[PDB]
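Only heavy atoms go into these numbers, but all of them, side chains included; no hydrogens, no water, no symmetry mates. Numbered from 1 within each chain, the chains take letters A, B, ... in sequence-line order.
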Amino acid sequence: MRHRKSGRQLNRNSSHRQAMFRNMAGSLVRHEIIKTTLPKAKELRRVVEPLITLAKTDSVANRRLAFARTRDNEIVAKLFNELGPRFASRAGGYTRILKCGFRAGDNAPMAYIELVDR
Amino acid sequence: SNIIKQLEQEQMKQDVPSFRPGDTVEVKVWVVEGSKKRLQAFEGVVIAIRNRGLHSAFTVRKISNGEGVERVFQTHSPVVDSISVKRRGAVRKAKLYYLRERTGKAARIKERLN
Amino acid sequence: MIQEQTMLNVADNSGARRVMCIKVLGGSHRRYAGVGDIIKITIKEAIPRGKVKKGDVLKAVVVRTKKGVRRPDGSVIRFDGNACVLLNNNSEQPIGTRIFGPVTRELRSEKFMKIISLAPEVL
Amino acid sequence: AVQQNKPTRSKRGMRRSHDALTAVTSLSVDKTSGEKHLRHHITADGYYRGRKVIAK
Amino acid sequence: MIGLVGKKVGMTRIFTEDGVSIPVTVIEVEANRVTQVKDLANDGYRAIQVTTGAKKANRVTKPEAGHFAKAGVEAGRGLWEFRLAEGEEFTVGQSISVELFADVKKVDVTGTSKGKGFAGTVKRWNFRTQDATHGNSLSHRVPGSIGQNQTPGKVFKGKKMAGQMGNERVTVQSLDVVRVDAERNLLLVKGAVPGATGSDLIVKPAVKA
RNA sequence: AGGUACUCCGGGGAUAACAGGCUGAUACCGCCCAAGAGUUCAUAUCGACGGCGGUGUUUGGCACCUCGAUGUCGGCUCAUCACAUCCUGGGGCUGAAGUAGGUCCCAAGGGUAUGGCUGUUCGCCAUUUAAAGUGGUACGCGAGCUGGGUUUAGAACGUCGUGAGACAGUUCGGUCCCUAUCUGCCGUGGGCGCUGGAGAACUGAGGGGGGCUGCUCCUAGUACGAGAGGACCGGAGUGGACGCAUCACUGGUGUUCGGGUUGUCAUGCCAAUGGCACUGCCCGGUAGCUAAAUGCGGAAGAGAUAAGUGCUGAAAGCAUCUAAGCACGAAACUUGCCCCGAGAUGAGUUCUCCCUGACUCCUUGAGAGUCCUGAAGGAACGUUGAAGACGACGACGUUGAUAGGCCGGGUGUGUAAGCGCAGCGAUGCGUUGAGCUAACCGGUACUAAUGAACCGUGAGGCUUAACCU
RNA sequence: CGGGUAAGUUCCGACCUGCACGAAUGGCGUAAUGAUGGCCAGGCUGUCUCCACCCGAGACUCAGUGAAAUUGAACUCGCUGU
RNA sequence: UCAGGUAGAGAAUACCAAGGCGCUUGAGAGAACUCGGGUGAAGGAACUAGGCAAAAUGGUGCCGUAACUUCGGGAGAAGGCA
RNA sequence: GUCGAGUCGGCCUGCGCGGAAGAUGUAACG
RNA sequence: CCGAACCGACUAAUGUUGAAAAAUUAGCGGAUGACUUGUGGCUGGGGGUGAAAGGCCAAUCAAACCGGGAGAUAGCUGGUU
RNA sequence: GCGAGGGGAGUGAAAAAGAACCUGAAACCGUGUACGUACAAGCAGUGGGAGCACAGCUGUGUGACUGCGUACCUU
Ligand SMILES: [K+]
Ligand SMILES: [K+]
Ligand SMILES: [K+]
Ligand SMILES: [K+]
Ligand SMILES: [K+]
Ligand SMILES: [K+]
Ligand SMILES: [K+]
Ligand SMILES: [K+]
Ligand SMILES: [K+]
Ligand SMILES: [K+]
Ligand SMILES: [K+]
Ligand SMILES: [K+]
Ligand SMILES: [K+]
Ligand SMILES: [K+]
Ligand SMILES: [K+]
Ligand SMILES: [K+]
Ligand SMILES: [K+]
Ligand SMILES: [K+]
Ligand SMILES: [K+]
Ligand SMILES: [K+]
Ligand SMILES: [K+]
Ligand SMILES: [K+]
Ligand SMILES: [K+]
Ligand SMILES: [K+]
Ligand SMILES: [K+]
Ligand SMILES: [K+]
Ligand SMILES: [K+]
Ligand SMILES: [K+]
Ligand SMILES: [K+]
Ligand SMILES: [K+]
Ligand SMILES: [K+]
Ligand SMILES: [K+]
Ligand SMILES: [K+]
Ligand SMILES: [K+]
Ligand SMILES: [K+]
Ligand SMILES: [K+]
Ligand SMILES: [K+]
Ligand SMILES: [K+]
Ligand SMILES: [K+]
Ligand SMILES: [K+]
Ligand SMILES: [K+]
Ligand SMILES: [K+]
Ligand SMILES: [K+]
Ligand SMILES: [Mg+2]
Ligand SMILES: [Mg+2]
Ligand SMILES: [Mg+2]
Ligand SMILES: [Mg+2]
Ligand SMILES: [Mg+2]
Ligand SMILES: [Mg+2]
Ligand SMILES: [Mg+2]
Ligand SMILES: [Mg+2]
Ligand SMILES: [Mg+2]
Ligand SMILES: [Mg+2]
Ligand SMILES: [Mg+2]
Ligand SMILES: [Mg+2]
Ligand SMILES: [Mg+2]
Ligand SMILES: [Mg+2]
Ligand SMILES: [Mg+2]
Ligand SMILES: [Mg+2]
Ligand SMILES: [Mg+2]
Ligand SMILES: [Mg+2]
Ligand SMILES: [Mg+2]
Ligand SMILES: [Mg+2]
Ligand SMILES: [Mg+2]
Ligand SMILES: [Mg+2]
Ligand SMILES: [Mg+2]
Ligand SMILES: [Mg+2]
Ligand SMILES: [Mg+2]
Ligand SMILES: [Mg+2]
Ligand SMILES: [Mg+2]
Ligand SMILES: [Mg+2]
Ligand SMILES: [Mg+2]
Ligand SMILES: [Mg+2]
Ligand SMILES: [Mg+2]
Ligand SMILES: [Mg+2]
Ligand SMILES: [Mg+2]
Ligand SMILES: [Mg+2]
Ligand SMILES: [Mg+2]
Ligand SMILES: [Mg+2]
Ligand SMILES: [Mg+2]
Ligand SMILES: [Mg+2]
Ligand SMILES: [Mg+2]
Ligand SMILES: [Mg+2]
Ligand SMILES: [Mg+2]
Ligand SMILES: [Mg+2]
Ligand SMILES: [Mg+2]
Ligand SMILES: [Mg+2]
Ligand SMILES: [Mg+2]
Ligand SMILES: [Mg+2]
Ligand SMILES: [Mg+2]
Ligand SMILES: [Mg+2]
Ligand SMILES: [Mg+2]
Ligand SMILES: [Mg+2]
Ligand SMILES: [Mg+2]
Ligand SMILES: [Mg+2]
Ligand SMILES: [Mg+2]
Ligand SMILES: [Mg+2]
Ligand SMILES: [Mg+2]
Ligand SMILES: [Mg+2]
Ligand SMILES: [Mg+2]
Ligand SMILES: [Mg+2]
Ligand SMILES: [Mg+2]
Ligand SMILES: [Mg+2]
Ligand SMILES: [Mg+2]
Ligand SMILES: [Mg+2]
Ligand SMILES: [Mg+2]
Ligand SMILES: [Mg+2]
Ligand SMILES: [Mg+2]
Ligand SMILES: [Mg+2]
Ligand SMILES: [Mg+2]
Ligand SMILES: [Mg+2]
Ligand SMILES: [Mg+2]
Ligand SMILES: [Mg+2]
Ligand SMILES: [Mg+2]
Ligand SMILES: [Mg+2]
Ligand SMILES: [Mg+2]
Ligand SMILES: [Mg+2]
Ligand SMILES: [Mg+2]
Ligand SMILES: [Mg+2]
Ligand SMILES: [Mg+2]
Ligand SMILES: [Mg+2]
Ligand SMILES: [Mg+2]
Ligand SMILES: [Mg+2]
Ligand SMILES: [Mg+2]
Ligand SMILES: [Mg+2]
Ligand SMILES: [Mg+2]
Ligand SMILES: [Mg+2]
Ligand SMILES: [Mg+2]
Ligand SMILES: [Mg+2]
Ligand SMILES: [Mg+2]
Ligand SMILES: [Mg+2]
Ligand SMILES: [Mg+2]
Ligand SMILES: [Mg+2]
Ligand SMILES: [Mg+2]
Ligand SMILES: [Mg+2]
């Protein structure tokens, strides 16, 4: 049973999952749109959108939290200097997912995920 | 959740004093022996607190007549007549289960000055 | 929560120091004895000139347990060890004359009133 | 564990009576580009619900 | 004696003044609305059909809406029947409230138990496990033997095996009625009842009593 | 003349060891006669000398099946039946005062120990229990587990033998394979049917589950008894074991939350952080799942009975429970309780909803085709769920709280960072119960749930009644 | 027979009635040594009472590739009998 | 044959350098059951042929250490403190 | 003594009754 | 003596149409010696070699492998249009 | 896909003689049509037999329902 549980295992262990979404969150902030599998995209929302919410309040402590969660200073700078202000009046929902068919190699269901003002 | 909130709010005590893990508290509980009702004191260190609304509880540890005893009180129970802090303790942890392996000098808790 | 093979301390001055439960009395397949339950015991350690000897088989009433007792409001009382009071195998009256440490109100019955009266504290 | 008797071609077909594929019920038509597409998916040219959502 | 349809709100406790904590299941019983009365002449048996709660119009089909409209009542979230005793009478469109239980001491509560999915024999039927060690090969939670030998040469019907567990109708009998609160549409029964929070419950006066 | 357990080939179920079969001497269980025992008294209880059966349970006889293989003793797991009944229920007789027994009859609903020793089954012992039943099921169960014993190859002792070797003598060591086609069984779907289509609520043929019991108290120290002792009947409470549900409480888990900390590498460095070391090691803990947690259950009642007890009553002027007639009588039976259930093809009922076009051809009929039409509803797709292996089932799709985010709260952890102060410094203190906080609660259209398209039709056979036209 | 255990067909100490020990196919002892055989205790624990939860890899679904033993023929049910 | 850094007695071990790699099916899901692991209330060998497996102990310095002995041992006995 | 027409128990013989408990399911007329 | 490399193989689980015709994983023994290892040499089938298990002598051992006597013989089993 | 493979064109008496090449059997696997088949229990046939389709009352195909019916070899 998994009654009321949240989060996808994605056939990984916990440290792999955490590292993967740290990399993928960085790619989405950097490129503003990426293509990935539909389940990974849905999981990425719960990682990236709290980072943008954090970036709405610029302070030393918040930059350090964001650095702790991304480990990339170029990503932290873009979060606080660009994305935070771009989304300052939006109450959540900073990303959108667009389904785009099936991967050739393994028939995986694919999707684009982008920032909503891209 | 408003229905159960209303049912729980009307039963909650309004005079529970503030206390922390590490404090020494005295709890007065009702004891019935036949037709008579009287208050019995239980005084010791608060080693755990469960904050859960009407279901709040706290655990008090004492060494009584050569034996360690723990009592888990249900905070809003009418069996508990009153609670009072005798001494304020200075600890770091929320739960002081490590005191179960300590006696005498090793089980002392520094006083919290404030 | 006492079962066969559980070792218990002795809360009296009968002379026994350590006893082992060898039967939970009072029912087929009965698993556990708690506070206020009668068990069969064997004496595993005794003081030299006491009233009972190592290897004796007799009865006892459990008076303190680590699992504890629940009260009608949901509260719990737990002790640091398991302890019992030795009883005569036939009359089920205590063998010692003194009781050590606290006991609980679960003993407040006609059968164990002597224990209640001798105890230094009843919780 | 293994069969004692060779199953027949009839029984083989009966087992496969649930294997047939199902065609897509119907495709959707983009209101701007007129492309057909899987419903709730973008078109081959990058439209969704009439908006050019992605380049190429 | 008829029952009422309610909703499992959750569990809590009622402290009494004498120091007892009573665990209770909180059941919300909104007004049950009589949608059809069945009788011997037309239906061969005596019962009422009730509805309760509310339903959004665009999820009410035309066959359902016409049935509610004939009774003159607003659509509820479902329909349930209760057989009538010999001296019981109701009329279509009548509302029945939780005050029905005002003087009822004990009730039976029926619900759909929580779903455990596919369950093994240890959990489903309380089978004992085999050795964790002492040489056991791949057979720690498995069922063991399932029959005899050449006689009878088959497995008997009703053999206890793994399969779906829970998610089925269950009745718990003879629960104390702790409080009837008609102003808040509340029924408080002592103890637990089947089903998850939010699920439908059927409450009737206890059959054993 | 011998050995082979270091072994080998050709054969045999022509022929043994296991299990089946036939048989029933033997075994076990009934019964008949009644010498006697029992103060008297054959029959309360035993029953000598002898007699007659039943079972298929023992030890055996036979050699019919299997030697181109039907794996063994014991344990473990899971059972199922019989009744010659161990407990509980009902009863007759007693050498039955009571309590407690003896013996026989009825009764198979449910229940029916844990340990020490030994490979043990068994048995003895310790301590329980209402009781610790007897048997059948390949001495039930190794394509379910074990492998201690028996029964390969190593080695030794006693013993036998000149010796190789041997011994249901002993001793230490010694590979247990199989991905389930069919039957069966547990679950879960798809198809078509049920006669116009569709959405619901049902009826209940039939099936399954459940059915155990202790102790204390009252009745009552009453009845009984010289005392010692000590009830029936009836009532109340509280347990054991078992079962179902649940998570409010008490707790476990909680690699998705917070903190402490060792070694090391990195982010330029300080400070702050991250990676790796079993989650590095640990301390706490939310939701969920859960037992040790806490609610509930076994029934009462009814019907027809078993053994047994009777009423009235002749045959047979009496007597007689029986022949006619009438009445009691048990956990067994049929119900009552819970669940499934119309594929119940004997395919049932009730409520509601929907469809009221045109034409042509033919072999002329429950015929075929084209045009127009496309309902109720369904499905699909999407967002999903204390629903779930997949199907299925439930919620929701902008006329929207379905999921994520967001806002507020709760909970958990336990006073973040930065700055300042004190101290030589480790560190302490202030800002500060701070900061962070999953699955929780209450809100909120910010994101994603698209207009459509698809399936499903167009008033529903014949015959005969009844009623009206 | 004694010891150990509530209880000990094993173990230890004895007795001698050695079925069928016995002196280099050596007798009786023996400190140390042994992945050697037997027995007991402290610690320790999911071995067990009695299992619960969790993390991973399979099992399950989708896409790609794609085996095996076996097989007289099958329209391959229960029971009681034969 | 060669043998860097930090910790370390070390060529053990942990994390790294130079250098080299992610192991030639993937994507989901988050049932039973199997495999490899983590934690567990109360009890603590009751398990079993047998404590099998697991849990546990574990370093350095110092204090201290019995029977027995072939005088070497036994001995890191045991136990304890920092 | 009353009561007023049958009564009693051997033998042989036909058919029946009890004696009569078993294991997956009626299951000892197919 | 403790313990890596190196040489072994006591226990358990897995695996048993294996990743492997003897392994993997966690533990285990020896580890300056009757030690271990490279290269080359020698011993030949009733023969070798053997700290001895009938062990080993190319995945073969109570008498190796290959070819020949050879279509050994088969009072046995199968089959025979 | 500057593929594989194929369709045309052309050669030839013939290309279902196209190089995976004379003939091209059987097992085995398909597409199309006719009839049967979703209340029915077993060596699957045989005797009886309705209905439907087809070709000219008959011939062919199918076979509802029903009596009977446990393969072959060896030993
Ligand atoms: K269960
Ligand atoms: K010979
Ligand atoms: K031999
Ligand atoms: K016989
Ligand atoms: K016989
Ligand atoms: K008899
Ligand atoms: K044989
Ligand atoms: K049995
Ligand atoms: K009885
Ligand atoms: K009797
Ligand atoms: K019975
Ligand atoms: K043993
Ligand atoms: K024996
Ligand atoms: K057998
Ligand atoms: K086996
Ligand atoms: K066996
Ligand atoms: K078998
Ligand atoms: K079969
Ligand atoms: K039944
Ligand atoms: K809980
Ligand atoms: K919890
Ligand atoms: K670090
Ligand atoms: K009479
Ligand atoms: K129907
Ligand atoms: K939301
Ligand atoms: K601070
Ligand atoms: K601070
Ligand atoms: K806080
Ligand atoms: K000699
Ligand atoms: K000597
Ligand atoms: K050894
Ligand atoms: K030894
Ligand atoms: K390392
Ligand atoms: K799955
Ligand atoms: K050398
Ligand atoms: K040799
Ligand atoms: K060779
Ligand atoms: K030779
Ligand atoms: K040709
Ligand atoms: K061909
Ligand atoms: K036929
Ligand atoms: K043959
Ligand atoms: K033969
Ligand atoms: Mg959720
Ligand atoms: Mg995978
Ligand atoms: Mg890690
Ligand atoms: Mg066969
Ligand atoms: Mg298929
Ligand atoms: Mg579920
Ligand atoms: Mg068990
Ligand atoms: Mg194995
Ligand atoms: Mg295993
Ligand atoms: Mg030998
Ligand atoms: Mg042979
Ligand atoms: Mg035999
Ligand atoms: Mg026999
Ligand atoms: Mg024969
Ligand atoms: Mg013969
Ligand atoms: Mg046979
Ligand atoms: Mg064979
Ligand atoms: Mg067989
Ligand atoms: Mg009987
Ligand atoms: Mg019966
Ligand atoms: Mg009954
Ligand atoms: Mg022992
Ligand atoms: Mg033993
Ligand atoms: Mg057997
Ligand atoms: Mg048996
Ligand atoms: Mg078998
Ligand atoms: Mg197996
Ligand atoms: Mg063995
Ligand atoms: Mg060995
Ligand atoms: Mg096996
Ligand atoms: Mg269906
Ligand atoms: Mg039943
Ligand atoms: Mg809760
Ligand atoms: Mg907790
Ligand atoms: Mg934890
Ligand atoms: Mg630093
Ligand atoms: Mg690194
Ligand atoms: Mg590394
Ligand atoms: Mg009754
Ligand atoms: Mg008469
Ligand atoms: Mg009863
Ligand atoms: Mg389902
Ligand atoms: Mg807090
Ligand atoms: Mg910090
Ligand atoms: Mg918050
Ligand atoms: Mg003895
Ligand atoms: Mg002894
Ligand atoms: Mg001896
Ligand atoms: Mg000798
Ligand atoms: Mg000799
Ligand atoms: Mg001599
Ligand atoms: Mg000699
Ligand atoms: Mg000699
Ligand atoms: Mg010697
Ligand atoms: Mg050695
Ligand atoms: Mg596949
Ligand atoms: Mg059969
Ligand atoms: Mg180094
Ligand atoms: Mg290394
Ligand atoms: Mg799953
Ligand atoms: Mg898993
Ligand atoms: Mg496991
Ligand atoms: Mg562990
Ligand atoms: Mg534990
Ligand atoms: Mg803990
Ligand atoms: Mg513990
Ligand atoms: Mg212990
Ligand atoms: Mg034992
Ligand atoms: Mg045992
Ligand atoms: Mg071990
Ligand atoms: Mg370990
Ligand atoms: Mg050391
Ligand atoms: Mg007769
Ligand atoms: Mg029967
Ligand atoms: Mg070797
Ligand atoms: Mg190894
Ligand atoms: Mg050594
Ligand atoms: Mg060494
Ligand atoms: Mg030669
Ligand atoms: Mg030999
Ligand atoms: Mg070889
Ligand atoms: Mg030879
Ligand atoms: Mg010749
Ligand atoms: Mg030849
Ligand atoms: Mg070409
Ligand atoms: Mg030619
Ligand atoms: Mg050709
Ligand atoms: Mg062909
Ligand atoms: Mg039928
Ligand atoms: Mg049909
Ligand atoms: Mg069939
Ligand atoms: Mg026939």
Side-chain angles (χ1 to χ4, degrees), chain A residues 1-7 9 13-14 37 39 45-46 49 60-61 64 67-68 71 90-93 95-97 105-108 116, chain B residues 1 55 92 94-95, chain C residues 1 3-6 22-23 26-30 40 42 57 66-67 70 74 76, chain D residues 1-3 5-7 18 25-26 28 31 39-40 49, chain E residues 11-13 21 23 36 43-45 49 61-64 66-67 79 81 113-115 117-120 128 130 132-139 141-146 148-152 154-156 159 161-164 167 169-175 190-192 194 196 207:
Chain A
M1 300 166 265
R2 56 149 290 289
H3 291 174
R4 313 274 274 178
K5 296 191 184 191
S6 265
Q9 194 212 305
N13 57 46
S14 195
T37 72
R45 290 179 307 180
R46 317 189 46 230
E49 300 198 354
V60 164
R64 295 195 177 178
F67 185 66
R71 298 302 297 188
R90 187 173 291 265
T95 65
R96 72 159 52 84
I97 296 172
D106 57 3
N107 200 45
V116 288
Chain B
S1 76
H55 311 302
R92 307 285 296 268
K95 306 291 197 284
Chain C
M1 221 180 140
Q3 61 181 268
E4 276 176 46
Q5 315 293 324
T6 300
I22 66 168
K23 193 68 64 185
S28 177
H29 291 89
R30 187 176 175 155
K40 200 83 180 197
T42 181
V57 173
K66 286 192 98 277
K67 199 61 154 74
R70 313 263 327 253
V76 194
Chain D
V2 71
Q3 66 202 23
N5 291 106
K6 177 192 189 172
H18 302 282
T25 291
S26 77
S28 305
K31 68 166 172 180
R39 194 158 191 78
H40 301 101
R49 289 174 68 174
Chain E
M11 308 207 36
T12 187
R13 81 221 282 178
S21 185
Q36 185 175 3
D43 296 271
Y45 74 105
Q49 185 196 71
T61 63
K62 286 176 70 37
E64 287 155 11
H67 181 70
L79 300 168
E81 279 192 30
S113 65
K114 288 176 136 183
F118 199 98
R128 312 172 168 92
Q130 304 181 51
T133 61
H134 291 294
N136 184 292
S137 305
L138 310 178
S139 303
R141 293 176 79 86
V142 305
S145 183
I146 66 176
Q148 292 82 42
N149 202 314
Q150 172 162 182
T151 302
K154 71 179 183 173
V155 175
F156 290 133
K159 178 82 187 72
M161 303 183 137
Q164 168 75 30
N167 195 35
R169 181 183 173 109
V170 174
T171 294
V172 180
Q173 290 187 313
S174 304
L175 300 189
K190 177 182 174 181
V207 66

C/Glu4 side chain: which of F/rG397, F/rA241, F/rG115 is closest?
F/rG115
Could you state the atom-to-atom distance from NZ of E/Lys159 to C1' of F/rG209 in whole Å?
16 Å
Which whole number of Å gives the distance between the P atom of F/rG174 and that of F/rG147?
11 Å
Contact class for A/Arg90 (heavy atom, under 4.0 Å): base, sugar-phosphate, or nothing?
sugar-phosphate
Both distances under 3.5 Å, Watson-Crick or G-U wobble: report the partner of H/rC35, or none.
G/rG56
When the distance from CG of E/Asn149 to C1' of F/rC18 is rounded to whole Å, what number comes out?
13 Å
The nucleotide from G/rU49, F/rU273, F/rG189 with an atom nearest the side chain of A/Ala68 is F/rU273
Rounded distance in Å - CD (E/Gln164) to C1' (F/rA389)
11 Å
C/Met1 side-chain proximity, nearest of F/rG388, F/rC351, F/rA292:
F/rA292
Taking OP1 and OP2 of F/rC381, is either one under 4.0 Å from a side-chain nitrogen or oxygen of D/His40?
no
E/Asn136 atom CG is separated from G/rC48 atom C1', nearest whole Å, by 14 Å
Counting only side-chain heavy atoms from C-beta out, which of I/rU24, F/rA386, F/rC296 sits nearest to E/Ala196?
F/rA386
Specify the separation, in whole Å, of atom CE of A/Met1 and atom P of F/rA439.
21 Å
Roughly, in whole Å, what's the span from CE in E/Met161 to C1' in F/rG187?
11 Å
Examine the six-membered rings in the bases of F/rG425 and F/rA426 and report whether their centres are under 5.5 angstrom apart and their planes under 30 degrees.
yes
In the strands shown, is F/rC86 matched to any nucleotide by a Watson-Crick or G-U wobble pair with both distances under 3.5 Å, and which?
F/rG111
Hey, does E/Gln150 reach any base, or is it just sugar-phosphate, or nothing, if we go heavy atoms under 4.0 Å?
base
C1' atoms of F/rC296 and F/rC337, separation to the nearest Å:
14 Å
Rounded to the nearest Å, what distance is computed from the NE2 atom of residue B/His55 to the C1' atom of nucleotide F/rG410?
13 Å
Ignoring backbone atoms, test whether A/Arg46 places a side-chain nitrogen or oxygen under 4.0 Å from the OP1 or OP2 oxygen of F/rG405.
yes
Between the base of F/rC351 and the ring of E/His67 - centre-to-centre under 5.5 Å, planes within under 30° - is that a stack?
no
Nearest-angstrom distance from the residue atom NE2 of C/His29 to P of F/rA130:
13 Å
Which is it for H/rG76, anti or syn, if anything within 90° of zero counts as syn?
anti
